[PDB]
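Engineer:
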Ligand SMILES: C=C[C@](C)(O)CC[C@@H]1[C@@]2(C)CCCC(C)(C)[C@@H]2CC[C@@]1(C)O
Ligand SMILES: C=C[C@](C)(O)CC[C@@H]1[C@@]2(C)CCCC(C)(C)[C@@H]2CC[C@@]1(C)O
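Protein chains in written order, with the numbering used here: chain E, 100 to 369; chain Z, 100 to 369.
(1) For residue 275/E and residue 117/E, I'd like the C-alpha separation in whole angstroms.
(2) Is there a Cβ of chain Z sitting closer than 8 Å to that of residue 244/E, yes or no?
(3) Which same chain residues, not among the five before or five after residue 298/Z, have their C-beta less than 8 Å away from its C-beta?
(4) Going by the C-beta, is residue 345/Z closer than 7 Å to any heavy atom of ligand 2?
(5) Below 7 Å, is the gap between the Cβ of residue 240/E and the nearest heavy atom of ligand 1?
(6) Do residue 227/Z and residue 278/Z have their C-beta atoms closer together than 8 Å?
(7) Under 7 Å from any heavy atom of ligand 1, does the C-beta of residue 132/E make it?
(8) Rounded to the nearest angstrom, how far is the Cβ of residue 242/E from that of residue 155/E, given a contact under 8 Å?
(9) So residue 165/E contacts chain Z; which residues on that side make the cut at Cβ distance below 9 Å?
(10) Which two residues bound the contiguous beta strand (DSSP E) that contains residue 367/Z?
(11) Kindly list, in the order they appear in chain Z, the residues whose Cβ is closer than 8 Å to that of residue 125/E.
(12) Starting from residue 232/Z, follow the alpha helix (DSSP H) in both directions and report where the run begins and ends.
(13) Does the structure place the segment 140-156 of chain E close enough to the segment 310-322 of chain E that three or more beta carbon pairs sit under 8 Å?
(14) Does ligand 2 have a heavy atom nearer than 7 Å to the CB of residue 201/E?
(15) Going by DSSP, name the residue or residues bridged to residue 153/Z.
(16) When you compare each of 174/E, 113/E, 107/E to residue 140/E by their alpha carbons, which one comes out closest?
(17) With hydrogens ignored, establish whether the beta-carbon of residue 247/Z is closer than 7 Å to any heavy atom of ligand 2.
(18) I'd like to confirm something about residue 143/E: is its beta-carbon nearer than 7 Å to some heavy atom of ligand 1, or not?
(19) Would you kindly work out how many angstroms separate the C-alpha atoms of residue 359/E and residue 160/Z, rounded to a whole number?
(20) Taking 8 Å as the cut-off, decide whether the C-beta atoms of residue 295/E and residue 124/E are in contact.
(21) Helix, strand or coil for residue 143/E per DSSP?
(22) Please classify residue 223/Z: is it buried, with 16 or more other beta-carbons within 10 angstroms of its beta-carbon, or exposed?
(23) Can you check whether the C-beta of residue 185/Z is within less than 8 Å of a C-beta belonging to chain E?
(24) Quick check on the DSSP output: the alpha helix (DSSP H) that includes residue 201/E runs from which residue to which?
(25) Under the rule that 16 or more other beta-carbon atoms within 10 Å means buried, what is residue 333/E, buried or exposed?
(26) With distances taken Cα to Cα, identify the nearest neighbour of residue 325/E among 362/E, 293/E, 269/E, 357/E.
(27) Taking residue 135/Z as the query, report the chain E residues whose CB atoms sit under 8 Å from its CB, ordered along the chain.
(28) Should residue 349/E be labelled buried (16 or more other beta-carbon atoms within 10 Å of its own) or exposed?
(29) Identify, in the order they occur along the chain, each residue of the same chain with its Cβ nearer than 8 Å to the Cβ of residue 309/E, setting aside the five sequence neighbours on each side.
(30) Please list, in chain order, all residues of the same chain as residue 151/Z whose beta carbon is under 8 Å from its beta carbon, the five residues on each side excluded.
(31) Please list, in chain order, all residues of the same chain as residue 113/Z whose beta carbon is under 8 Å from its beta carbon, the five residues on each side excluded.
(32) Buried or exposed for residue 251/Z, going by 16 or more other Cβ atoms inside 10 Å?
(33) Along the chain, which unbroken stretches of the alpha helix (DSSP H) at least 4 residues long are found entirely within the segment 241-312 of chain Z?
(34) Starting from the Cα of residue 352/E, find the closest Cα among 158/E, 211/E, 178/E and give me that residue.
(35) Residue 103/E touches chain Z at which residues, Cβ-Cβ below 8 Å?
Set out below in structure tokens:
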């Protein structure tokens with residue numbers, strides 16, 4: 100059974116998730132949309148083609164807008180969805196930042212450790228929240244009135260393979276929010292000072308997740324599930340590192356990062 | 100055979116059509132689009148539902164936007180496409196006005212007869228030009244990078260039955276432009292003073308059309324084609340009258356007419 104203080108730990112995480120995760124994306128608004136009607140470039144081109152999606156906008160009246168992205172023809176058209184994706188990423192980053200500020204274990208860390216942990220894990224927590232709205236049967240992220248549909252060679256892309264593999268473990272809401280906590284409290288992010296405090300905090304979150312699975316998942320299909328989840332978190336950290344490199348390469352030739360993204364990625368504006 | 104001065108008549112009409120009809124709609128731009136995300140009303144509701152279309156925007160890069168209109172739920176949502184349609188109608192009206200100003204038979208009329216003829220026939224010439232880009236097999240008006248697809252009970256709507264019936268006569272470009280001339284030079288529009296001059300001008304255009312068909316269409320399928328075209332022009336005049344009533348009813352509860360539309364429909368702004 101879960102100890103008393105582990106139940107309180109899950110409850111506060113679930114509470115923060117309920118307060119800061121707008122599952123309907125109802126307040127995602129005023130976002131940009133695609134307009135109507137050398138070796139660096141070769142690599143920026145490869146960075147974007149494997150993450151191509153179409154976009155659908157369902158209106159409150161019942162109207163539907165659908166956007167199909169263009170094929171790569173050797174021009175700026177591969178950047179048509181970057182302003183919108185920056186707006187969605189920024190909205191998601193804001194929810195992740197609010198999620199961390201509610202958690203007591205996070206407020207009690209020094210503020211300049213809070214910034215270091217958020218800078219290192221904001222992308223990972225965003226991907227974990229996006230997995231809960233991912234439809235693996237249709238390959239679409241269903242974000243309330245917005246839908247991002249992927250245009251099985253796509254599973255070669257580690258980000259897409261991550262979302263398909265994670266969705267198939269069929270995790271509970273409690274397991275997702277504990278994954279967010281373990282990723283957020285990674286002691287070994289750049290600039291973390293209280294690595295000792297963050298380490299034992301992460302260990303308690305992992306122990307709680309381990310005990311949660313052992314108490315609520317007896318089926319043979321969930322054997323080694325905790326170890327499967329931990330391996331997924333290691334893969335997500337790797338995806339976070341390669342995705343940061345992609346963003347910085349695209350930012351080099353075609354700026355698109357919002358001020359909040361610039362802050363999280365260390366861009367000073369000079 | 101066509102007389103010498105009839106050949107010159109067709110040539111000037113064809114010349115004006117070539118100069119003023121942008122068949123690719125390349126200069127139709129900066130138009131509005133639907134936003135993203137009592138007994139008068141009952142009749143304004145019936146006026147709009149039978150003319151419902153979806154909208155597709157093909158970009159130069161290869162991207163495609165598609166708009167599906169909402170169903171009627173008893174609200175303002177039936178007016179979502181009115182600003183765009185007013186922009187398309189205004190662009191088409193401008194081409195029709197430029198078409199008339201090139202024709203010598205039109206410039207030589209007094210200017211306040213030119214305004215009366217344009218006020219009475221601008222809608223009809225617009226519909227005739229739209230028929231040349233109508234695809235009866237798909238029910239879509241293919242306007243270059245824009246496509247307006249109709250959402251056979253629709254043939255009950257006289258405007259849609261007109262476009263299907265006219266397209267099936269498979270008229271030449273010369274026959275279309277002569278239809279435009281006969282409609283433009285209708286002597287019996289409100290405010291026409293030189294009804295005698297306009298009458299014999301229209302008669303010459305009809306005689307030229309009659310002679311054109313007799314000289315270039317010997318096939319049994321084109322028997323009575325001139326009489327079929329003349330009957331279509333009478334039907335178009337009737338459609339013009341009922342459509343003016345629809346527009347004025349919609350303008351009463353939901354203003355949408357551009358300044359050019361207001362001028363053509365006699366709205367003073369007071
Ligand atoms: C900020 C990152 C990028 C490269 O500019 C866009 C990544 C984007 C992203 C993960 C961005 C966040 C929203 C959502 C719908 C989950 C998409 C799925 C499609 C993908 C992978 O292209
Ligand atoms: C100005 C008139 C209206 C009522 O506001 C719109 C009419 C509109 C119209 C004839 C307007 C001109 C362009 C095009 C694509 C031919 C459409 C076809 C669909 C239809 C019939 O709804």
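For each residue, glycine too, the CB sits at the ideal point set by N, CA and C.
Structural biologist: Here's the rundown:
(1) 12 Å
(2) yes
(3) 286
(4) yes
(5) yes
(6) yes
(7) no
(8) Wrong, their Cβ atoms sit about 10 Å apart, outside the cutoff.
(9) 163, 164, 165, 166, 167
(10) Counting along the chain, residue 367/Z falls outside any beta strand (DSSP E), and DSSP gives it neither H nor E.
(11) By Cβ distance, chain Z contributes nothing, its closest Cβ being about 10 Å from residue 125/E, past 8 Å.
(12) Run containing residue 232/Z: none; DSSP gives neither H nor E here.
(13) no
(14) no
(15) 248/Z
(16) 174/E
(17) yes
(18) no
(19) 30 Å
(20) no
(21) helix
(22) buried
(23) no
(24) 181-201
(25) exposed
(26) 269/E
(27) 132, 156, 158, 164
(28) buried
(29) 325
(30) 168, 249, 250
(31) 272, 273, 276
(32) exposed
(33) 257-267, 272-283
(34) 178/E
(35) Those within 8 Å of residue 103/E in chain Z number zero; the least Cβ separation is about 45 Å.
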